[PDB]
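Peer 1: I'd like to ask some things about the structure below.
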Amino acid sequence: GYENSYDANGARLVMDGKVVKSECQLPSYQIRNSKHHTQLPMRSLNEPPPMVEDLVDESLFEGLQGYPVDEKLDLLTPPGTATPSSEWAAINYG
Amino acid sequence: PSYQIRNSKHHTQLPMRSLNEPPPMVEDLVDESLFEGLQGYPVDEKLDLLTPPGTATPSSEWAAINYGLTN
Amino acid sequence: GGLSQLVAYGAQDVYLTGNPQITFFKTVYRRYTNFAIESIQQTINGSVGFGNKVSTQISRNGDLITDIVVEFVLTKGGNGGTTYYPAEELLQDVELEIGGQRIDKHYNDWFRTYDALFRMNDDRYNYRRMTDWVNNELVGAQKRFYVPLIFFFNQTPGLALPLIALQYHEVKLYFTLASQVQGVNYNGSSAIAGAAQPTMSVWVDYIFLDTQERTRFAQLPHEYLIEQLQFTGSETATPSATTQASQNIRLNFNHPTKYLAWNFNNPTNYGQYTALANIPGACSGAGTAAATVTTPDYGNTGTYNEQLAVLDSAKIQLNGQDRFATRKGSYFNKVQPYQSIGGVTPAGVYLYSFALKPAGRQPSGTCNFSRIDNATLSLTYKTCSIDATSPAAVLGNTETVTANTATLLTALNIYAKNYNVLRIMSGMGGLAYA
Amino acid sequence: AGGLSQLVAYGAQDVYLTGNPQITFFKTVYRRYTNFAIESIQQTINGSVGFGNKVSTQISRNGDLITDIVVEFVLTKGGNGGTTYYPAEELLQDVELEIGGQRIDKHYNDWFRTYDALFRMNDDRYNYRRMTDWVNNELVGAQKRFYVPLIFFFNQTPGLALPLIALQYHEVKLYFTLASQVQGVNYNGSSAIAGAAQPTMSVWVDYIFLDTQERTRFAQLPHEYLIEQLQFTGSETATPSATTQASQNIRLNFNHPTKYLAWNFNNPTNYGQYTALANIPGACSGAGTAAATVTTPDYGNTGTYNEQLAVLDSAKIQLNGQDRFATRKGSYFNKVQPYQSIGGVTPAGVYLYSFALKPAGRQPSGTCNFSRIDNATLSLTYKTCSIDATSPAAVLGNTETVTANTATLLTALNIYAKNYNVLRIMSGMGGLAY
Amino acid sequence: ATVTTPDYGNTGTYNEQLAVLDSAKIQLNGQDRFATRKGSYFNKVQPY
């Protein structure tokens, strides 16, 4: 009967044997003010796109996995500038 | 907990000045993290053992080692 | 009596006792957070044996961890004098991973180099007692060895690793066991028939915090200034009978470096950093008819006899510029550790500190190689012209020469110990810098 | 080029080490202190000095504070080199410390031996031996003055000097029990040595003389000192045998916040013998030759690091029957514990378990308050006494769980505990808080 | 009597002499949960 605890969404969390009373006990609270890079649950939005197939490009390439080089290629954290607090993945349970 | 709990102070192998040489602080007299020769209680005027903040008298250390600390 | 000294008081006493600041006749104490320490065994994943890679994971039984000791049970595959720090040799390396990130890694050779430079006196002897057989044990003897780890949190309470604050990150250790250990399962290149496989166990000393400290660890973000070891192997520009070889080795290091360390060695024989010779302790059977200078007296592999060291001189360059004047190998072997450590370094092991006191935890000057586009270690070797089988040839030689057997020291090991920052937040941890 | 090429290369990673600096290393501030002088003053020994006698001294009120105490003895050799082992330490069977008629502490010759074996090291240990034994191959009839320092808390640091000036009405006494027999001095094993000399004894106390302001302060103010005490009980060893691993549940009848426990097993016949005798070099009288016997030690070489001759297989401490830490091997207590906590080398047969981060220091660093543990115990498992002690192949080539057949002679068990108490002085009188 | 073939209808027995286990303990995270007890403890006392 824990009607006064941290509801994640619909679930009450448990971290060190006891039910999470408030958000101040969670680890995410230490980085709750930084715009995080990725949020660990990763809910996909609207279905993923299908796998387009063709018999022209696969037959012409004869394998050779021609990879496109004009992509975005999301960079990493430069070794000199520490690791930005944003790089810590938020594990927003609720 | 409302307590200015400092970091640890271990016996270092190198002497270090606290960059505050004109005002001689009293918290650095018993800090073993800087000095390396000997340890003594800070003497105030008229040779009075002045206990700096954070440290504790031998009776208080005995009470904290036998009965226990607080919260 | 003593009063006659006290009365001898005047102007020259003012700078010693005028306006006293402290009294040496009274100890001041500090109320420290209550805690307890408990030794808990961790398990090993994988099959323990020579040449196998096994690992552990440190459970969250306590809040903080410090010392870690790996126990091994080994047998002797030969008589006294056939082994040399075999438990150290066996633990080929240990990799420290937090959250999947490689934080650090130690190597058997590093443990040997580290010991050679930083342990001393009875600390060193007691250490040897935990990794070797030092009471003239014979073939078939069996002992438990204790190989302490030397990661940053394994050296001081001050860096106790905050398992408590790592809600989502496990701390793991990967241990590689050497395929061969001298005097245990191999004798030089030969295998020892019937040799037993090691028994292994990893022990972790856990710190239990009180309520108040525990709370702070859970709620506050943390950062630790910690050490890391960088290491690469290089071929030695092997010297010869007619020449002083020289070599420019790129120092592919980064981060604020406390010190560099290096040695030359014979890959066949663990801990051999010097040439072999027919002088007592310098080779198998040295000093007698049976002496050979192709195999060491394993139990006496290490020596303080520089005549058997290979390096003539060295300097460190930063971006092609000399960092300091070229000094002799003996300067790196004897003076550097005199000045910086206060112990005694065996021949073949060299140190160059960028720090006033590299033996301590507190940073005291570093070379940040993250700001040096091209650092180089420049080595000059001695001429390998001395006939190692003729005791006189060795003992009576000159500064610029060494044993013909010094050309067996074909490997160069260069280490750099540096400072990085371990950040902990939101239940996760990892390093600040690549 | 040069040092400037490093100095200038300041990067992001250096901010943690040198940005907004708090300290420097290139100018040391020294702390002004009070005036004091140290004088070595001889005390009166009451009672007759001789073997087996009890004598005592009352420390005179000559200085203001007291620290170091050294008891001098003049002994002669009743046999040749190799017959004695720390004989001045053996002679001083025990020392009681009394203040105001109250017993503060009590040390034993075996404690001094245990303490040394565990806490002194390197040249300190050697220099110590030089003050208590004959170490230059001296012969029968040789005369020597020995100096046995006391190790009570006030004998180790000025910070704990006893304020005799503050004890207007209370005396401080030392009671010294002299052994009935000292090996190699008045007895060769069980045989009395005809013509052996009786000892000459002198007690020296090093006094601190203070200046007027501080003498007055001590004389007028109440003083509290956090001090060390030694708790000790002798136990009968659950002696192991050829066919069995004896085990024993030992009640730890200790109180107070114990810093650490230490113990040893011994043959009470031979002072300092913590290991079994064997026919291997240094392990018995005449070891290595035809004349060897495993009933008598080579007294001059009584101590050893050869754990094979020790009897503890494993041990754990329990509090009210709950494990304090996981069971570890005897070699864990003998080699690792002191490695971690002391930094010296501990002789075989001597064991330590610390509850403290730094058991050798003044400042509390974790304790076991046994006054709160209704039933603390020590659980010991002994090694199997199956090794034929007279055969080096059996002694030097054997396994972990066994020891010498002569290890059954180690029938005594000595368990020590060092703890913290408070000594209070008020209005001319003093004694312990509890 | 063949001791390599059971009396199938009497396969089971209460005679612990024929049981294989001498003793046992259970550990958690490297530490004893409880002291080692004989197989007969687990066989007779625990269920008692």
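So you can find residues: chains in the structure tokens are A, B, ... in the order shown, residues in each start at 1, and ligands are numbered from 1 in order.
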DSSP on the backbone: which residues in chain B end up as alpha helix (DSSP H)? Give the answer as a list in words.
Peer 2: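 Residues of chain B classed as alpha helix (DSSP H): residues 58, 59, 60, 61, 62, 63, 64, 65 and 66 of chain B.
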Peer 1: What are the closest atom pairs, with distances in Å to one decimal, for each residue of region 57-89 of chain A lying within 6 Å of region 26-50 of chain A, using only C-alpha atoms, rows by chain and rising residue number, as JSON lines?
Peer 2:
```
{"residue": "A:86", "atom": "CA", "partner": "A:36", "partner_atom": "CA", "distance": 4.2}
{"residue": "A:87", "atom": "CA", "partner": "A:37", "partner_atom": "CA", "distance": 5.4}
{"residue": "A:89", "atom": "CA", "partner": "A:38", "partner_atom": "CA", "distance": 5.3}
```
Peer 1: Please produce a file of the residues just selected, as a tab-separated table (two decimals), in the first residue's frame, where the atoms kept are C-alpha atoms.
Peer 2:
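After the write, out12.tsv holds the following:
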```
chain	number	residue	atom	x	y	z
A	86	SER	CA	25.01	15.71	-21.79
A	87	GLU	CA	26.72	12.41	-22.71
A	89	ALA	CA	22.24	8.60	-20.89
```
Peer 1: How far is it from CA of residue 185 (chain D) to CA of residue 110 (chain D), in Å with one decimal?
Peer 2: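 Separation between CA of residue 185 (chain D) and CA of residue 110 (chain D): 17.5 Å.
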Peer 1: So that I can see what lies close to residue 84 (chain D), please list as a PyMOL selection string the residues with an atom at most 7 Å from it, counting only C-alpha atoms and leaving out residues fewer than 2 positions away in the same chain.
Peer 2: chain D and resi 82+86-87+183-184+299-300
Peer 1: Using only C-alpha atoms, determine which residues lie at most 9 Å from residue 8 (chain B), disregarding the query and same-chain residues fewer than 2 positions distant; provide the list as a PyMOL selection string.
Peer 2: (chain B and resi 6+10+33) or (chain C and resi 157-158)
Peer 1: Among region 58-177 of chain D, which ones does DSSP place in strand (DSSP E or B), written as number ranges by chain?
Peer 2: D: 58, 65-76, 92-99, 102-108, 143-149, 162, 172-177
Peer 1: Distance cut-off 12 Å, counting only C-alpha atoms - which residues of chain D neighbour chain A? Return them as an MDAnalysis selection string.
Peer 2: chainID D and resid 10:16
Peer 1: At a cut-off of 10 Å, which residues of chain D touch chain B? Count only C-alpha atoms and give the answer as a PDB file with C-alpha atoms, in the first residue's frame.
Peer 2:
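Once written, out26.pdb looks like this:
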```
ATOM      1  CA  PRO D  21      45.924  26.770  -7.502  1.00  0.00           C
ATOM      2  CA  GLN D  22      45.582  26.379  -3.782  1.00  0.00           C
ATOM      3  CA  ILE D  23      49.063  25.318  -2.913  1.00  0.00           C
ATOM      4  CA  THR D  24      52.684  25.451  -3.836  1.00  0.00           C
ATOM      5  CA  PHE D  25      55.647  23.267  -3.232  1.00  0.00           C
ATOM      6  CA  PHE D  26      58.441  25.731  -3.488  1.00  0.00           C
ATOM      7  CA  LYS D  27      58.281  27.476  -0.189  1.00  0.00           C
ATOM      8  CA  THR D  28      57.665  25.740   3.079  1.00  0.00           C
ATOM      9  CA  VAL D  29      56.159  27.460   5.998  1.00  0.00           C
ATOM     10  CA  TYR D  30      57.400  26.000   9.205  1.00  0.00           C
ATOM     11  CA  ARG D  31      55.288  26.135  12.350  1.00  0.00           C
ATOM     12  CA  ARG D  32      56.679  28.093  15.349  1.00  0.00           C
ATOM     13  CA  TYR D  33      56.481  25.934  18.488  1.00  0.00           C
ATOM     14  CA  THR D  34      56.915  26.233  22.225  1.00  0.00           C
ATOM     15  CA  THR D 157      55.126  10.172  20.714  1.00  0.00           C
ATOM     16  CA  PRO D 158      55.551  13.654  22.324  1.00  0.00           C
ATOM     17  CA  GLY D 159      51.883  14.178  21.475  1.00  0.00           C
ATOM     18  CA  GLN D 213      53.940  29.644  30.191  1.00  0.00           C
ATOM     19  CA  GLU D 214      53.464  26.054  29.112  1.00  0.00           C
ATOM     20  CA  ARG D 215      54.651  24.514  32.421  1.00  0.00           C
ATOM     21  CA  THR D 216      52.070  26.638  34.161  1.00  0.00           C
ATOM     22  CA  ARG D 217      49.412  25.683  31.671  1.00  0.00           C
ATOM     23  CA  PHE D 218      49.976  22.009  32.208  1.00  0.00           C
ATOM     24  CA  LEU D 221      44.576  22.825  33.388  1.00  0.00           C
ATOM     25  CA  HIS D 223      44.303  17.216  30.385  1.00  0.00           C
ATOM     26  CA  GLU D 224      42.779  14.311  28.457  1.00  0.00           C
ATOM     27  CA  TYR D 225      44.912  11.982  26.321  1.00  0.00           C
ATOM     28  CA  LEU D 226      43.611   9.411  23.833  1.00  0.00           C
ATOM     29  CA  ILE D 227      45.847   6.485  24.523  1.00  0.00           C
ATOM     30  CA  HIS D 256      37.101  -1.466  24.040  1.00  0.00           C
ATOM     31  CA  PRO D 257      37.470  -0.112  20.472  1.00  0.00           C
ATOM     32  CA  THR D 258      40.171  -2.453  19.355  1.00  0.00           C
ATOM     33  CA  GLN D 363      44.727   8.687  14.850  1.00  0.00           C
ATOM     34  CA  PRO D 364      41.794   6.224  15.059  1.00  0.00           C
ATOM     35  CA  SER D 365      41.052   4.708  11.692  1.00  0.00           C
ATOM     36  CA  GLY D 366      38.352   2.110  12.305  1.00  0.00           C
ATOM     37  CA  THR D 367      37.874  -0.054  15.385  1.00  0.00           C
ATOM     38  CA  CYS D 368      36.044  -3.084  16.732  1.00  0.00           C
ATOM     39  CA  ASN D 369      34.325  -2.127  19.931  1.00  0.00           C
ATOM     40  CA  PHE D 370      34.363  -5.475  21.615  1.00  0.00           C
ATOM     41  CA  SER D 371      32.598  -4.024  24.650  1.00  0.00           C
ATOM     42  CA  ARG D 372      29.481  -4.284  22.504  1.00  0.00           C
ATOM     43  CA  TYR D 420      41.928   3.026  22.557  1.00  0.00           C
ATOM     44  CA  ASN D 421      41.035   4.515  26.004  1.00  0.00           C
ATOM     45  CA  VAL D 422      41.255   7.909  27.664  1.00  0.00           C
ATOM     46  CA  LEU D 423      43.651   8.937  30.313  1.00  0.00           C
ATOM     47  CA  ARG D 424      42.408  11.873  32.282  1.00  0.00           C
ATOM     48  CA  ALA D 433      37.914   7.250  31.921  1.00  0.00           C
TER      49      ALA D 433
END
```
Peer 1: Can you work out which residues from chain E touch chain D at a cut-off of 10 Å (counting only C-alpha atoms) and hand them back as a list in words?
Peer 2: residues 30, 31, 32 and 34 of chain E
Peer 1: Could you write those residues out with C-alpha atoms, as a compact mmCIF listing (two decimals), in the first residue's frame?
Peer 2:
```txt
# COMPACT_ATOMS: atom_id res chain seq x y z
CA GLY E 30 31.44 -15.69 -1.53
CA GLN E 31 30.29 -15.88 2.06
CA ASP E 32 28.84 -18.73 3.96
CA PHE E 34 25.32 -21.16 7.02
```
Peer 1: I'd like a table as a tab-separated table: residues in chain C with an atom no more than 7 Å from chain E, each row giving the shortest atom pair and its distance in Å to one decimal, only C-alpha atoms counted, sorted by chain and rising residue number.
Peer 2:
```
residue	atom	partner	partner_atom	distance
C:40	CA	E:30	CA	6.1
C:41	CA	E:30	CA	4.6
C:42	CA	E:30	CA	6.0
```
Peer 1: Residues at most 6 Å from residue 23 (chain E), counting only C-alpha atoms, excluding those fewer than 6 positions away in the same chain, as a list in words?
Peer 2: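 After dropping sequence-adjacent residues, the list is residues 37, 38 and 39 of chain E.
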Peer 1: Do you know which residues are at most 12 Å from region 212-216 of chain C counting only C-alpha atoms, after dropping those on the same chain fewer than 6 positions away, and could you put them as a PyMOL selection string?
Peer 2: (chain A and resi 16+24-26+30) or (chain B and resi 1-7+69-71) or (chain C and resi 32-35+62-64+162-165+222)
Peer 1: Mind pulling up the distance from CA of residue 76 (chain A) to CA of residue 51 (chain A)?
Peer 2: 27.9 Å
Peer 1: Please compute the CA of residue 427 (chain C)-CA of residue 167 (chain C) distance, one decimal, in Å.
Peer 2: 4.2 Å
Peer 1: Write down, as a PDB file with C-alpha atoms, in the first residue's frame, each residue of chain C that has any atom within 6 Å of an atom of chain A, counting only C-alpha atoms.
Peer 2:
```pdb
ATOM      1  CA  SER C 426      23.240   9.580 -12.398  1.00  0.00           C
ATOM      2  CA  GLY C 427      24.278   6.108 -11.322  1.00  0.00           C
ATOM      3  CA  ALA C 432      36.425  12.600 -18.484  1.00  0.00           C
ATOM      4  CA  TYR C 433      39.135  12.224 -21.071  1.00  0.00           C
ATOM      5  CA  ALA C 434      39.571   9.813 -23.953  1.00  0.00           C
TER       6      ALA C 434
END
```
Peer 1: Taking 3 positions as the minimum chain separation for residues in the same chain, which residues sit within 10 Å of residue 151 (chain C) when counting only C-alpha atoms? Answer as a PyMOL selection string.
Peer 2: chain C and resi 66-68+94-96+103-106+148+154-156+159+226-229
Peer 1: Let's have the selection written as an mmCIF file, in the first residue's frame, with C-alpha atoms.
Peer 2:
```cif
data_model
loop_
_atom_site.group_PDB
_atom_site.id
_atom_site.type_symbol
_atom_site.label_atom_id
_atom_site.label_comp_id
_atom_site.auth_asym_id
_atom_site.auth_seq_id
_atom_site.Cartn_x
_atom_site.Cartn_y
_atom_site.Cartn_z
ATOM 1 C CA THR C 66 39.791 -0.463 -2.239
ATOM 2 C CA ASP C 67 42.249 -3.261 -2.035
ATOM 3 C CA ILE C 68 41.933 -6.218 -4.356
ATOM 4 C CA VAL C 94 44.416 -7.203 -15.572
ATOM 5 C CA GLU C 95 41.934 -4.943 -17.305
ATOM 6 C CA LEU C 96 39.665 -2.625 -15.328
ATOM 7 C CA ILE C 103 39.473 2.582 -17.338
ATOM 8 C CA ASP C 104 42.868 1.026 -16.983
ATOM 9 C CA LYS C 105 45.085 -2.035 -17.496
ATOM 10 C CA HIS C 106 48.142 -3.510 -15.790
ATOM 11 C CA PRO C 148 47.553 -7.262 -4.957
ATOM 12 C CA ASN C 154 43.768 -0.337 -4.843
ATOM 13 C CA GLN C 155 46.424 1.967 -3.444
ATOM 14 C CA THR C 156 44.621 4.375 -1.094
ATOM 15 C CA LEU C 159 40.226 6.753 -4.009
ATOM 16 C CA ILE C 226 42.883 9.059 -10.683
ATOM 17 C CA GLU C 227 45.806 7.332 -12.249
ATOM 18 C CA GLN C 228 45.968 5.372 -15.514
ATOM 19 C CA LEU C 229 48.743 3.356 -17.112
#
```
Peer 1: Would you kindly report the residues of chain C within 7 Å of chain D, using only C-alpha atoms, as an mmCIF file with N, CA and C atoms, in the first residue's frame?
Peer 2:
```cif
data_model
loop_
_atom_site.group_PDB
_atom_site.id
_atom_site.type_symbol
_atom_site.label_atom_id
_atom_site.label_comp_id
_atom_site.auth_asym_id
_atom_site.auth_seq_id
_atom_site.Cartn_x
_atom_site.Cartn_y
_atom_site.Cartn_z
ATOM 1 N N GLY C 1 71.186 20.237 33.315
ATOM 2 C CA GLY C 1 70.131 19.430 32.729
ATOM 3 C C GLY C 1 69.422 20.157 31.599
ATOM 4 N N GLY C 2 68.222 19.691 31.271
ATOM 5 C CA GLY C 2 67.379 20.238 30.206
ATOM 6 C C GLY C 2 67.096 21.721 30.403
ATOM 7 N N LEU C 3 67.029 22.162 31.650
ATOM 8 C CA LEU C 3 66.787 23.562 31.910
ATOM 9 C C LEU C 3 67.879 24.428 31.321
ATOM 10 N N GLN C 5 69.261 24.221 28.591
ATOM 11 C CA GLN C 5 69.040 24.452 27.191
ATOM 12 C C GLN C 5 67.929 25.476 27.075
ATOM 13 N N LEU C 6 66.878 25.347 27.886
ATOM 14 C CA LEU C 6 65.767 26.304 27.801
ATOM 15 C C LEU C 6 66.159 27.726 28.089
ATOM 16 N N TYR C 15 62.605 33.008 15.408
ATOM 17 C CA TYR C 15 62.045 32.392 14.222
ATOM 18 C C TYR C 15 61.714 30.908 14.396
ATOM 19 N N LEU C 16 61.998 30.333 15.556
ATOM 20 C CA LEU C 16 61.681 28.944 15.789
ATOM 21 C C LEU C 16 60.555 28.802 16.809
ATOM 22 N N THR C 17 60.620 29.577 17.893
ATOM 23 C CA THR C 17 59.637 29.480 18.958
ATOM 24 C C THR C 17 58.951 30.789 19.378
ATOM 25 N N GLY C 18 59.184 31.909 18.692
ATOM 26 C CA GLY C 18 58.493 33.107 19.116
ATOM 27 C C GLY C 18 57.055 32.920 18.695
ATOM 28 N N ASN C 19 56.109 33.451 19.448
ATOM 29 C CA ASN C 19 54.718 33.319 19.052
ATOM 30 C C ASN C 19 54.390 31.908 18.553
ATOM 31 N N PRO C 20 54.486 30.855 19.391
ATOM 32 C CA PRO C 20 54.284 29.472 19.035
ATOM 33 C C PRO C 20 52.955 29.295 18.356
ATOM 34 N N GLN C 21 52.935 28.419 17.361
ATOM 35 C CA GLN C 21 51.718 28.169 16.604
ATOM 36 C C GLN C 21 51.123 26.843 16.993
ATOM 37 N N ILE C 22 51.975 25.847 17.189
ATOM 38 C CA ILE C 22 51.521 24.528 17.607
ATOM 39 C C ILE C 22 52.363 24.023 18.746
ATOM 40 N N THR C 23 51.868 23.069 19.498
ATOM 41 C CA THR C 23 52.686 22.418 20.501
ATOM 42 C C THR C 23 52.865 20.961 20.167
ATOM 43 N N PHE C 24 54.075 20.470 20.298
ATOM 44 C CA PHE C 24 54.293 19.088 19.931
ATOM 45 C C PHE C 24 53.922 18.168 21.045
ATOM 46 N N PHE C 25 53.472 18.725 22.149
ATOM 47 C CA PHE C 25 53.146 17.880 23.254
ATOM 48 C C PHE C 25 51.670 17.666 23.367
ATOM 49 N N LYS C 26 50.946 17.965 22.299
ATOM 50 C CA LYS C 26 49.537 17.671 22.338
ATOM 51 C C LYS C 26 48.999 17.235 20.986
ATOM 52 N N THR C 27 48.490 16.010 20.926
ATOM 53 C CA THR C 27 47.890 15.513 19.687
ATOM 54 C C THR C 27 46.459 16.008 19.517
ATOM 55 N N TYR C 29 42.966 15.436 17.245
ATOM 56 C CA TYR C 29 42.351 14.339 16.504
ATOM 57 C C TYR C 29 41.165 14.787 15.704
ATOM 58 N N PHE C 35 32.992 3.631 9.857
ATOM 59 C CA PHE C 35 32.962 2.686 8.760
ATOM 60 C C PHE C 35 33.483 1.348 9.219
ATOM 61 N N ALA C 36 33.325 0.355 8.365
ATOM 62 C CA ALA C 36 33.903 -0.957 8.617
ATOM 63 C C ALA C 36 34.414 -1.556 7.329
ATOM 64 N N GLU C 38 35.198 -5.265 5.294
ATOM 65 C CA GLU C 38 34.947 -6.730 5.240
ATOM 66 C C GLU C 38 35.523 -7.315 3.943
ATOM 67 N N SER C 39 36.230 -8.445 4.051
ATOM 68 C CA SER C 39 36.812 -9.150 2.908
ATOM 69 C C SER C 39 35.814 -10.141 2.329
ATOM 70 N N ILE C 40 35.452 -9.928 1.067
ATOM 71 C CA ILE C 40 34.456 -10.747 0.405
ATOM 72 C C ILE C 40 35.000 -11.347 -0.885
ATOM 73 N N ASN C 121 62.582 -2.004 0.438
ATOM 74 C CA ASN C 121 62.920 -2.508 1.735
ATOM 75 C C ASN C 121 62.105 -3.761 2.059
ATOM 76 N N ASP C 122 61.463 -3.808 3.237
ATOM 77 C CA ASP C 122 60.672 -4.972 3.592
ATOM 78 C C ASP C 122 59.285 -4.978 2.967
ATOM 79 N N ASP C 123 58.894 -3.892 2.296
ATOM 80 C CA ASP C 123 57.604 -3.838 1.608
ATOM 81 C C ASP C 123 57.823 -4.707 0.393
ATOM 82 N N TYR C 125 60.347 -6.946 0.040
ATOM 83 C CA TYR C 125 60.554 -8.332 0.400
ATOM 84 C C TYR C 125 59.236 -9.015 0.712
ATOM 85 N N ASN C 126 58.392 -8.404 1.555
ATOM 86 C CA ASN C 126 57.134 -9.039 1.878
ATOM 87 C C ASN C 126 56.337 -9.273 0.612
ATOM 88 N N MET C 130 54.876 -13.040 -1.249
ATOM 89 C CA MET C 130 53.520 -13.293 -1.659
ATOM 90 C C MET C 130 53.418 -13.671 -3.117
ATOM 91 N N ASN C 135 62.150 -19.350 0.368
ATOM 92 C CA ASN C 135 62.702 -20.086 1.500
ATOM 93 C C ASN C 135 63.305 -21.410 1.034
ATOM 94 N N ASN C 136 63.843 -21.380 -0.185
ATOM 95 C CA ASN C 136 64.479 -22.498 -0.887
ATOM 96 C C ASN C 136 63.605 -23.730 -1.072
ATOM 97 N N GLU C 137 62.350 -23.511 -1.404
ATOM 98 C CA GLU C 137 61.413 -24.582 -1.658
ATOM 99 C C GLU C 137 61.855 -25.461 -2.826
ATOM 100 N N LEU C 138 61.447 -26.723 -2.783
ATOM 101 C CA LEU C 138 61.800 -27.723 -3.791
ATOM 102 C C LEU C 138 60.667 -28.158 -4.697
ATOM 103 N N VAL C 139 61.023 -28.877 -5.752
ATOM 104 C CA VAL C 139 60.032 -29.336 -6.708
ATOM 105 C C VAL C 139 58.913 -30.083 -6.014
ATOM 106 N N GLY C 140 57.689 -29.742 -6.406
ATOM 107 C CA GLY C 140 56.473 -30.306 -5.852
ATOM 108 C C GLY C 140 55.847 -29.419 -4.780
ATOM 109 N N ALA C 141 56.601 -28.439 -4.285
ATOM 110 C CA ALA C 141 56.103 -27.542 -3.265
ATOM 111 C C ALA C 141 54.903 -26.784 -3.769
ATOM 112 N N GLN C 142 53.960 -26.493 -2.880
ATOM 113 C CA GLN C 142 52.788 -25.732 -3.295
ATOM 114 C C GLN C 142 52.486 -24.613 -2.317
ATOM 115 N N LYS C 143 52.196 -23.440 -2.862
ATOM 116 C CA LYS C 143 51.914 -22.252 -2.060
ATOM 117 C C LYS C 143 50.805 -21.392 -2.606
ATOM 118 N N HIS C 255 47.419 12.672 -22.090
ATOM 119 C CA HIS C 255 47.070 13.028 -20.716
ATOM 120 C C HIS C 255 48.266 13.566 -19.893
ATOM 121 N N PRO C 256 48.037 14.337 -18.798
ATOM 122 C CA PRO C 256 49.051 14.738 -17.827
ATOM 123 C C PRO C 256 49.774 13.528 -17.277
ATOM 124 N N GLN C 321 62.129 18.913 -29.555
ATOM 125 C CA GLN C 321 63.054 19.685 -28.751
ATOM 126 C C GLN C 321 63.526 18.930 -27.538
ATOM 127 N N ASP C 322 64.796 19.049 -27.199
ATOM 128 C CA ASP C 322 65.238 18.364 -25.994
ATOM 129 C C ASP C 322 64.458 18.871 -24.793
ATOM 130 N N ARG C 323 63.994 17.950 -23.940
ATOM 131 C CA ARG C 323 63.309 18.288 -22.701
ATOM 132 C C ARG C 323 64.300 18.487 -21.568
ATOM 133 N N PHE C 324 65.410 17.773 -21.630
ATOM 134 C CA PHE C 324 66.474 17.861 -20.646
ATOM 135 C C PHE C 324 67.747 17.387 -21.323
ATOM 136 N N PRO C 363 49.270 15.021 -7.173
ATOM 137 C CA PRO C 363 49.983 15.417 -8.351
ATOM 138 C C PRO C 363 51.020 16.429 -7.940
ATOM 139 N N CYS C 367 53.672 16.134 -17.288
ATOM 140 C CA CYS C 367 53.863 16.445 -18.699
ATOM 141 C C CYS C 367 52.628 16.070 -19.441
ATOM 142 N N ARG C 371 49.107 17.853 -25.174
ATOM 143 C CA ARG C 371 49.506 19.122 -25.728
ATOM 144 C C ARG C 371 50.871 19.025 -26.395
#
```
